[PDB]
$ cat coords-v6.cif   # mmCIF, C-alpha atoms and all ligand atoms
data_input
#
loop_
_atom_site.label_atom_id
_atom_site.label_comp_id
_atom_site.auth_asym_id
_atom_site.auth_seq_id
_atom_site.Cartn_x
_atom_site.Cartn_y
_atom_site.Cartn_z
CA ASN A 1 -8.12 -14.70 11.53
CA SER A 2 -5.59 -14.37 8.62
CA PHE A 3 -5.36 -10.54 8.76
CA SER A 4 -2.85 -8.78 6.52
CA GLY A 5 -1.75 -5.20 5.98
CA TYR A 6 -2.38 -3.90 9.51
CA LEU A 7 -0.16 -1.41 11.36
CA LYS A 8 0.50 -2.26 15.03
CA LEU A 9 -0.32 0.78 17.26
CA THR A 10 0.12 -0.88 20.72
CA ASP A 11 0.86 -4.47 21.96
CA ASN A 12 -2.75 -5.41 21.20
CA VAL A 13 -4.33 -2.75 18.86
CA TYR A 14 -3.85 -2.98 15.05
CA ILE A 15 -5.31 -0.64 12.39
CA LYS A 16 -5.97 -0.76 8.63
CA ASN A 17 -7.59 1.55 6.08
CA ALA A 18 -10.17 -0.93 4.82
CA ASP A 19 -13.91 -1.61 4.40
CA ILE A 20 -14.87 -3.86 7.39
CA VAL A 21 -17.28 -5.83 5.11
CA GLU A 22 -14.46 -6.68 2.70
CA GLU A 23 -12.10 -7.56 5.55
CA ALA A 24 -14.72 -9.90 7.07
CA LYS A 25 -15.36 -11.61 3.66
CA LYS A 26 -11.57 -12.14 3.11
CA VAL A 27 -10.57 -13.21 6.65
CA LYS A 28 -13.79 -14.89 8.01
CA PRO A 29 -12.65 -14.07 11.54
CA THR A 30 -13.89 -15.82 14.65
CA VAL A 31 -15.56 -12.50 15.75
CA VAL A 32 -16.72 -9.37 13.85
CA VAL A 33 -17.97 -6.46 15.97
CA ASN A 34 -21.10 -4.55 14.92
CA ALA A 35 -21.59 -0.88 15.99
CA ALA A 36 -25.21 -1.59 17.10
CA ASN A 37 -28.17 0.26 18.72
CA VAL A 38 -30.20 -1.14 21.66
CA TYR A 39 -32.95 -2.64 19.43
CA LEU A 40 -30.46 -4.12 16.91
CA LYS A 41 -32.07 -2.22 14.01
CA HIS A 42 -29.22 -2.15 11.45
CA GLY A 43 -30.37 0.88 9.45
CA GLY A 44 -27.18 2.72 8.48
CA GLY A 45 -23.42 3.09 8.96
CA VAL A 46 -21.39 -0.05 9.71
CA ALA A 47 -24.50 -1.88 11.03
CA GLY A 48 -26.43 -1.35 7.75
CA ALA A 49 -23.37 -2.42 5.70
CA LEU A 50 -22.75 -5.64 7.70
CA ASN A 51 -26.49 -6.52 7.57
CA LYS A 52 -26.64 -5.87 3.79
CA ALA A 53 -23.63 -8.15 3.28
CA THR A 54 -25.66 -10.96 5.01
CA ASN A 55 -28.66 -10.17 2.66
CA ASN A 56 -30.77 -9.27 5.73
CA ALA A 57 -30.15 -12.60 7.54
CA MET A 58 -28.56 -10.59 10.39
CA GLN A 59 -31.69 -8.39 10.79
CA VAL A 60 -34.13 -11.34 10.84
CA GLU A 61 -32.01 -13.11 13.50
CA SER A 62 -31.68 -9.80 15.49
CA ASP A 63 -35.45 -9.24 15.51
CA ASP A 64 -35.93 -12.73 16.98
CA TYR A 65 -33.23 -12.05 19.63
CA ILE A 66 -35.05 -8.85 20.66
CA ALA A 67 -38.48 -10.46 20.79
CA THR A 68 -37.14 -13.18 23.16
CA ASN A 69 -34.64 -11.16 25.26
CA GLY A 70 -35.59 -7.50 25.07
CA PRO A 71 -33.28 -4.61 24.06
CA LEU A 72 -29.66 -4.32 25.08
CA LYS A 73 -28.44 -1.60 27.44
CA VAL A 74 -26.12 1.22 26.25
CA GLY A 75 -22.58 -0.11 26.93
CA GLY A 76 -23.84 -3.71 26.55
CA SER A 77 -23.56 -6.50 23.96
CA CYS A 78 -24.80 -9.86 22.69
CA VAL A 79 -23.23 -12.62 20.62
CA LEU A 80 -25.16 -13.72 17.52
CA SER A 81 -24.19 -15.60 14.29
CA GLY A 82 -21.65 -14.00 11.99
CA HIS A 83 -23.40 -15.67 9.00
CA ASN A 84 -21.05 -15.39 5.95
CA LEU A 85 -18.86 -12.71 7.60
CA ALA A 86 -17.51 -14.46 10.68
CA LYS A 87 -18.16 -17.36 13.06
CA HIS A 88 -19.83 -14.82 15.49
CA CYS A 89 -21.02 -11.22 15.45
CA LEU A 90 -20.50 -9.32 18.76
CA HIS A 91 -23.20 -6.58 18.65
CA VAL A 92 -21.96 -3.71 20.89
CA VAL A 93 -23.84 -0.55 21.86
CA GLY A 94 -21.72 2.58 22.28
CA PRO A 95 -23.37 5.76 23.62
CA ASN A 96 -25.05 8.14 21.18
CA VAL A 97 -23.62 11.31 22.69
CA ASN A 98 -25.65 13.41 20.19
CA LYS A 99 -28.75 12.18 22.17
CA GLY A 100 -27.32 12.90 25.64
CA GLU A 101 -26.04 9.40 26.34
CA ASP A 102 -23.04 9.50 28.65
CA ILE A 103 -19.54 9.34 27.09
CA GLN A 104 -18.39 7.29 30.18
CA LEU A 105 -20.35 4.38 28.64
CA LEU A 106 -17.87 4.23 25.73
CA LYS A 107 -15.40 2.52 28.15
CA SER A 108 -18.18 0.03 29.14
CA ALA A 109 -18.88 -0.64 25.45
CA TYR A 110 -15.18 -1.47 24.71
CA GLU A 111 -14.96 -3.70 27.83
CA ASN A 112 -17.19 -6.21 25.94
CA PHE A 113 -14.30 -6.87 23.51
CA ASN A 114 -12.27 -8.51 26.34
CA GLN A 115 -14.44 -11.65 26.30
CA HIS A 116 -12.88 -12.59 22.89
CA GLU A 117 -9.14 -13.14 22.21
CA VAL A 118 -9.23 -11.76 18.64
CA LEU A 119 -11.74 -9.35 17.02
CA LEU A 120 -12.25 -7.51 13.75
CA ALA A 121 -13.95 -4.20 14.69
CA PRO A 122 -14.96 -0.66 13.81
CA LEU A 123 -14.42 2.36 16.14
CA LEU A 124 -17.42 2.64 18.50
CA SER A 125 -19.67 5.71 18.77
CA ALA A 126 -18.05 7.32 15.70
CA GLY A 127 -20.27 8.45 12.73
CA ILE A 128 -23.93 9.12 13.62
CA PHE A 129 -23.34 8.33 17.31
CA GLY A 130 -21.34 11.63 17.44
CA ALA A 131 -18.17 10.88 19.43
CA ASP A 132 -14.82 12.14 18.20
CA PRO A 133 -13.23 9.13 16.47
CA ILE A 134 -9.75 9.95 17.83
CA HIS A 135 -11.20 9.96 21.39
CA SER A 136 -12.89 6.61 20.61
CA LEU A 137 -9.48 5.12 19.54
CA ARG A 138 -7.92 6.41 22.80
CA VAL A 139 -10.67 4.67 24.86
CA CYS A 140 -10.13 1.47 22.83
CA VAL A 141 -6.38 1.57 23.52
CA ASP A 142 -6.92 2.35 27.28
CA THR A 143 -9.63 -0.38 27.70
CA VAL A 144 -9.27 -3.35 25.33
CA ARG A 145 -6.76 -5.96 26.52
CA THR A 146 -7.34 -8.69 23.86
CA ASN A 147 -6.21 -8.43 20.20
CA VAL A 148 -8.29 -6.01 18.16
CA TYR A 149 -7.95 -5.37 14.43
CA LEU A 150 -9.62 -2.05 13.62
CA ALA A 151 -10.85 -1.36 10.12
CA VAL A 152 -11.35 2.35 9.20
CA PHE A 153 -13.05 2.98 5.83
CA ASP A 154 -12.22 6.68 5.29
CA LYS A 155 -8.61 7.31 4.27
CA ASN A 156 -8.58 10.91 5.67
CA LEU A 157 -9.77 9.68 9.07
CA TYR A 158 -7.29 6.75 9.00
CA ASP A 159 -4.31 9.07 8.32
CA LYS A 160 -5.42 11.41 11.16
CA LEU A 161 -5.72 8.46 13.61
CA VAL A 162 -2.26 7.04 12.69
CA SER A 163 -0.62 10.50 13.03
CA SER A 164 -2.26 11.15 16.45
CA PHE A 165 -1.19 7.71 17.65
CA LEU A 166 2.35 7.36 16.31
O1 LIG B 201 -14.71 3.71 9.18
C1 LIG B 201 -15.23 4.85 8.79
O2 LIG B 201 -14.71 5.57 7.94
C2 LIG B 201 -16.44 5.24 9.54
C3 LIG B 201 -17.75 4.92 9.35
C4 LIG B 201 -18.39 4.01 8.36
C5 LIG B 201 -19.67 4.31 7.88
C6 LIG B 201 -20.26 3.53 6.92
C7 LIG B 201 -19.62 2.38 6.42
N1 LIG B 201 -20.24 1.63 5.45
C8 LIG B 201 -19.60 0.56 5.00
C9 LIG B 201 -18.36 0.13 5.48
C10 LIG B 201 -17.73 0.87 6.44
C11 LIG B 201 -18.34 2.04 6.93
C12 LIG B 201 -17.74 2.89 7.89
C13 LIG B 201 -18.64 5.72 10.28
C14 LIG B 201 -17.70 6.73 10.92
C15 LIG B 201 -16.28 6.24 10.66
#
$ encode --input "coords-v6.cif" --output "C-alpha cells" --more "lines below"
Ligand SMILES: O=C(O)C1=C(c2ccc3ncccc3c2)CCC1
Amino acid sequence: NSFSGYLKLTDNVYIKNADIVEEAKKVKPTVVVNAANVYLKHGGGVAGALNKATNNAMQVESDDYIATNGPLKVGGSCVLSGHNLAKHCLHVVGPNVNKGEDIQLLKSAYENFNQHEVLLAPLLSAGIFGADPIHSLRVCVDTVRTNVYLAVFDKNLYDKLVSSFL
C-alpha cells in the first residue's frame, strides 16, 4: 500500500491520473478492485486489462468460482486472488445502466468497498456500463467510508473530475 502522487479529495478518497494495472504492479496493494460483470467474464475495459496483466490466471480462477458458486448479483462482490497485482482482487458489479439496470445499485456496489480498510480501485459503472463518471465519483464519496485510492487512466476525464470536486 505504498501509494504516491495521489490528490486527497475528501478524508478518505484519493485520486491519481494513472493506469490501474501499473499502479497495482508498483504498489502490490492488499486489495485491487475489478469493475466486473455477474459472470466474471473479463472481456474489456479495466476487467480485460487486469486479467491480461495476470496472463489469464484471473479468468481461469474466475471460471472455477462461477462453476462452484454461480453468478454474482448486480451490486454484489466476491474476493479472489490478486495474483501478481495485489494480495486480493475484490470483483464488484456496478449496474449497466445502458441495459436498464438500476442506477440505485451503484450505491450497493460501492458499499462492498467498506469491508476493506484500503483499496486501489477504478470508478464503477463508467465506460461501457454507461454511468456518468462524475456521478460515479459522487456516489463513491457519499458511500465509501474506508480509504480508497482511485486510478483514472484518461487525463481529460481526470482533470474534469478534479475540477468538479475541488
Ligand atoms: O479510467 C479511465 O479512463 C476509464 C476506463 C478504462 C478503460 C480501459 C482501461 N484499460 C486499461 C487500464 C485502465 C483502463 C481504464 C473506462 C472508463 C473510464
$ closest_atom_pairs --input "coords-v6.cif" --of "chain A" --to "ligand LIG 201 (chain B)" --cutoff "7 Å" --atoms "only C-alpha atoms and all ligand atoms" --output "tab-separated table"
residue	atom	partner	partner_atom	distance
A:19	CA	B:LIG201	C9	4.9
A:20	CA	B:LIG201	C10	5.6
A:21	CA	B:LIG201	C9	6.1
A:45	CA	B:LIG201	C6	3.8
A:46	CA	B:LIG201	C7	4.5
A:49	CA	B:LIG201	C8	4.9
A:122	CA	B:LIG201	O1	6.4
A:123	CA	B:LIG201	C15	7.0
A:126	CA	B:LIG201	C14	4.8
A:127	CA	B:LIG201	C14	3.6
A:151	CA	B:LIG201	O1	6.4
A:152	CA	B:LIG201	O1	3.6
A:153	CA	B:LIG201	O2	3.7
A:154	CA	B:LIG201	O2	3.8
A:157	CA	B:LIG201	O2	6.5
$ write_last_selection --input "coords-v6.cif" --atoms "C-alpha atoms" --output "compact mmCIF listing (two decimals), in the coordinates of the input"
# COMPACT_ATOMS: atom_id res chain seq x y z
CA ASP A 19 -13.91 -1.61 4.40
CA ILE A 20 -14.87 -3.86 7.39
CA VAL A 21 -17.28 -5.83 5.11
CA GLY A 45 -23.42 3.09 8.96
CA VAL A 46 -21.39 -0.05 9.71
CA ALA A 49 -23.37 -2.42 5.70
CA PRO A 122 -14.96 -0.66 13.81
CA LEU A 123 -14.42 2.36 16.14
CA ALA A 126 -18.05 7.32 15.70
CA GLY A 127 -20.27 8.45 12.73
CA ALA A 151 -10.85 -1.36 10.12
CA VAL A 152 -11.35 2.35 9.20
CA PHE A 153 -13.05 2.98 5.83
CA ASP A 154 -12.22 6.68 5.29
CA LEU A 157 -9.77 9.68 9.07
$ residues_around --input "coords-v6.cif" --residues "residue 18 in chain A" --least-positions-apart "3" --cutoff "12 Å" --atoms "all atoms listed in the file" --output "list in words"
residues 3, 4, 5, 6, 7, 15, 21, 22, 23, 24, 25, 26, 120, 121, 122, 149, 150, 151, 152, 153, 154, 155, 156, 157 and 158 of chain A
$ closest_residue --input "coords-v6.cif" --among "A:82, A:71, A:94, A:130" --to "residue 50 in chain A" --atoms "only C-alpha atoms"
A:82
$ residues_around --input "coords-v6.cif" --residues "residue 131 in chain A" --least-positions-apart "3" --cutoff "10 Å" --atoms "all atoms listed in the file" --output "CSV table (one decimal) with C-alpha atoms, in the coordinates of the input"
chain,number,residue,atom,x,y,z
A,94,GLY,CA,-21.7,2.6,22.3
A,95,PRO,CA,-23.4,5.8,23.6
A,96,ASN,CA,-25.0,8.1,21.2
A,97,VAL,CA,-23.6,11.3,22.7
A,98,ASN,CA,-25.6,13.4,20.2
A,103,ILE,CA,-19.5,9.3,27.1
A,106,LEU,CA,-17.9,4.2,25.7
A,123,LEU,CA,-14.4,2.4,16.1
A,124,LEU,CA,-17.4,2.6,18.5
A,125,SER,CA,-19.7,5.7,18.8
A,126,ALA,CA,-18.0,7.3,15.7
A,127,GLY,CA,-20.3,8.4,12.7
A,128,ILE,CA,-23.9,9.1,13.6
A,134,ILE,CA,-9.8,10.0,17.8
A,135,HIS,CA,-11.2,10.0,21.4
A,136,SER,CA,-12.9,6.6,20.6
$ closest_residue --input "coords-v6.cif" --among "A:140, A:79, A:38, A:93" --to "residue 115 in chain A" --atoms "all atoms listed in the file"
A:79
